[PDB]
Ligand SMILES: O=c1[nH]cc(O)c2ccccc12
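The data below hold one chain only, encoded as structure tokens and taken in the form deposited without the ligand.
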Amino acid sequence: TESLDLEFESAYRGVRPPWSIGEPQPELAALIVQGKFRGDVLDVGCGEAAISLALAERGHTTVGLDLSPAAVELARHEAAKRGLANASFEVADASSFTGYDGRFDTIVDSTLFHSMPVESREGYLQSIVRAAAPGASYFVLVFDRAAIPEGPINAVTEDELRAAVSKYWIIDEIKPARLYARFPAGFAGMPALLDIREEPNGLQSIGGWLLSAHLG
């Protein structure tokens, strides 16, 4: 068995989590501007939910689900600052949740995928399909196993991601992507044990995959 529950809750309680960049992940924002996000949106493993909030400002009704109660507090607090009525959040387990049958037209996984055990993937994919309206779109941003080793994080190879997701969705594209964060100084050692790319605006990125799919 393996579990990151205590770590995520401690990170959100707080120094802020490196992945809480205060904006949607750039790779996913690019899909939004292309018009790929439609209708009611589910932000699964939402964390502080920057992408939910950006979508709710654009007129979408959004729901964010996270196993961490501290994440859900932060998401609600930023929704209050922005005066949003159309963004809601709930504490739930993405691998086994109900109550939203056929509700969502777009489901977005912004780095949740690698944050659960490999054995939970089936239940997660079944749960989001159950919550999906006909023809829904699904987008995943996930670490690449070439960048993040076997350990607490269950990063994926392209073939592994395709095999897991294609059992439940029609895959349109899988391509290399960057996952952005603001890591502390000396993150992962000196020398560093991971390949961390330095980006503009003091951000960093790690290699990943961006998958686009739709319910068949």
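In case it trips you up, residue 1 is the first one in the sequence shown, and so on.
One more form of this protein, deposited with the ligand bound, exists but is not displayed; see below.
**Student:** Using heavy atoms and a 4.5 Å limit, would one call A181 a contact residue for the ligand in the deposited bound form?
**Tutor:** The answer is yes: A181 has a heavy atom within 4.5 Å of the ligand.
**Student:** Is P18 one of the residues lying within 4.5 Å of the ligand in the deposited bound form, judged by heavy atom distances?
**Tutor:** Contact check for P18: yes, within 4.5 Å of the ligand in the deposited bound form.
**Student:** Give a yes or no for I153: in the deposited bound form, does one of its heavy atoms lie within 4.5 Å of a heavy atom belonging to the ligand?
**Tutor:** Because a heavy atom of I153 falls inside 4.5 Å of the ligand in the deposited bound form, the answer is yes.
**Student:** Hey, in the deposited bound form, does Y100 get a heavy atom within 4.5 angstroms of the ligand?
**Tutor:** No, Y100 stays farther than 4.5 Å from the ligand in the deposited bound form.
**Student:** So in the deposited bound form, are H114, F143 and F187 all sitting within 4.5 Å of the ligand, heavy atoms only?
**Tutor:** Yes, each of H114, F143 and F187 comes within 4.5 Å of the ligand in the deposited bound form.
**Student:** Go through 61 to 87 residue by residue and record those having a heavy atom within 4.5 Å of the ligand in the deposited bound form; state none if no residue qualifies.
**Tutor:** If the 4.5 Å heavy-atom criterion is applied to the ligand in the deposited bound form, 61 to 87 yields nothing.
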